[PDB]
2 protein chains.
Amino acid sequence: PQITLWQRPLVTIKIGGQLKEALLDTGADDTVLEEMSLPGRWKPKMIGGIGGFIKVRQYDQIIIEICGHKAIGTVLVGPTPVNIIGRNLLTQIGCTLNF
Amino acid sequence: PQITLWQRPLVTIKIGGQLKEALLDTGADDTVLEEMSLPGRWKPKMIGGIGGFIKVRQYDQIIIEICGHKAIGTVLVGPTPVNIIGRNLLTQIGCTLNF
Ligand SMILES: COC(=O)[C@@H](NC(=O)[C@@H](NC(=O)CC[C@H](O)[C@H](Cc1ccccc1)NC(=O)[C@H](C)NC(=O)[C@H](C)N)C(C)C)C(C)C
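Residues numbered from 1 in each chain as written, not as in the entry; some residues may be left out. Chains lettered and ligands numbered in written order. Heavy atoms only, no water.

1. A look at the overall build of chain A
So, point 1. The secondary structure content of chain A amounts to one helix and nine strands.
So, point 2. Of the regular secondary structure in chain A, the N- to C-terminal order runs β-β-β-β-β-β-β-β-α-β.
So, point 3. Computed over C-alpha atoms, the radius of gyration of chain A comes to 13 Å, within 12% of the 13 Å expected from 2.2 N^0.38 for 99 residues, which places it in the range of a compact globule.
So, point 4. Counting over 99 residues, chain A shows a buried share of 47%.
So, point 5. Across chain A, contacts joining residues at least 24 apart in sequence account for 49% of those joining residues at least 6 apart.
So, point 6. Within the structure as shown, chain A displays about 4900 Å² of accessible surface, and the carbon and sulfur contribution to it stands at 55%.
So, point 7. With 10 positive and 8 negative side-chain charges, chain A shows a spacing of 5 Å between the two charge centroids. (Helix = DSSP H or I, 4+ residues; strand = E, 2+ residues; numbered from the N terminus. Rg over C-alpha atoms; globule rule 2.2 N^0.38 Å. Buried < 20%, exposed > 50% of the residue type's maximum accessible area, 1.4 Å probe, protein only. Contact = heavy atoms within 4.5 Å. Areas by Shrake-Rupley, 256 points an atom, 1.4 Å probe, with all protein chains shown as cover. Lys, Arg positive; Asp, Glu negative; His and termini not counted. Charge placed at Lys NZ, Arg CZ, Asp CG, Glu CD.)

2. What about the environment of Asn98(A)?
So, point 1. Checked against the element boundaries, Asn98(A) lands in strand β9 (residues 96-98).
So, point 2. Since its relative accessible area comes to 23%, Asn98(A) is described here as partly exposed.
So, point 3. In the structure, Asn98(A) is positioned 96 residues away from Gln2(A) in sequence and 9.8 Å away in space, judged by C-alpha atoms.
So, point 4. When neighbours within four sequence positions are excluded, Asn98(A) is seen to be in contact with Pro1(B), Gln2(B), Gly94(B), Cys95(B), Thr96(B) and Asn98(B).

3. Thoughts on the interface of chain B and chain A
So, point 1. Opposite the 38 residues of chain B that make contact, chain A presents 38 residues.
So, point 2. Interface of chain B and chain A: buried area, both sides summed, is about 3700 Å²; carbon and sulfur atoms make up 64% of it.
So, point 3. Ionic pairing is found between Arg8(B) and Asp29(A), a salt bridge with its closest N-O pair at 3.3 Å.
So, point 4. At the junction of chain B and chain A, the tally comes to 18 residue pairs in polar contact.
So, point 5. Secondary-structure elements contributing two or more residues to the side of chain B that touches chain A are β1 (2-4), β3 (18-24), β5 (43-49), β6 (52-66) and β9 (96-98) of chain B.
So, point 6. Of the residues belonging to the side of chain B that touches chain A, the class tally is 19 nonpolar, 15 polar and four charged. (Buried area = accessible area lost by both parts, 1.4 Å probe. Salt bridge = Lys/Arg side-chain N within 4 Å of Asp/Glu carboxyl O. Polar contact = N/O pair within 3.5 Å; in protein donor to acceptor, adjacent residues only side chain to side chain. Nonpolar A, V, L, I, M, F, W, Y, C, P; charged D, E, K, R; others polar.)

4. What about the site of the ligand?
So, point 1. Around the ligand, the structure places 22 residues, and the nearest of them are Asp25(A), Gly27(A), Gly48(A), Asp25(B) and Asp29(B).
So, point 2. Neighbouring residues of the ligand are not confined to a single chain but are spread across chains A and B.
So, point 3. Here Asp25(B) contributes a side-chain N or O atom positioned 2.9 Å from an oxygen atom of the ligand.
So, point 4. Backbone polar atom of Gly27(B) to a nitrogen atom of the ligand: 3.1 Å apart, as the coordinates give it.
So, point 5. Protein chains shield 83% of the accessible area of the ligand, which is 880 Å² for the free molecule.
So, point 6. Mapped onto the shell around the ligand, the elements with two or more residues apiece are β5 (43-49) of chain A together with β5 of chain B. (Near = heavy atom within 4 Å.)

5. What about the relation of the copies chain B and chain A?
So, point 1. Superposition of chain B onto chain A requires a rotation of 180 degrees combined with a translation of 0.0 Å along the rotation axis, giving an RMSD of 0.1 Å. Between the two chains, the operation in question is that of a two-fold axis.
So, point 2. Taken as a fraction of all interface residues of chain B, those also at the interface in chain A reach 100%, which identifies the copy contact as same-surface. (Least-squares fit on C-alpha atoms.)

And the structure:
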């Protein structure tokens, strides 16, 4: 679909048997989600942003459905203020910037 | 032009007689530039991100040329790690997200 940018570009994801809202972010290399119940094993890691660096928990291989398309990748669950889908999953569903 | 997202979507801006590179960011409401030489007057303000909140200086009315299109808005100069062009200028040159 074409999304214009007069409002925050928010979308619905299914991940974990659970539904949430995420912001399509073209200036995020990683997908960071606020604290949620996910199973398996994971590594510690650290992500940078504006005003900070946070400690997050790295999960690989996840089932993420983003606006009905499926994808599989690395999801970092940690203390973000908003769910962020970043450039590792965005390429997988084909999003592009055009102006 | 169509930008695909396998690399960070970076573009050239002319602001202040000076040339720089900025990331087109759909998850940033405000345009935040790292510290640069701009004239006039401005207010203190504070912006949030991942990992924190920062104090920035707010200028209104600026001449920003982003990839050959012109635009005029509020630019926040402060301690970002990278130059961010946000949703207030991005609508003015027409960018859209499509997938
Ligand atoms: C190792 O990876 C690094 O740590 C690199 N980081 C990145 O690429 C990271 N991207 C980023 O860090 C880029 C910034 C994001 O796109 C955030 C998203 C946000 C909006 C609202 C609330 C909270 C967050 N926007 C903002 O911080 C903007 C300036 N803030 C605002 O618009 C506020 C809410 N009014 C991602 C990990 C998220 C860094 C070198 C650029």
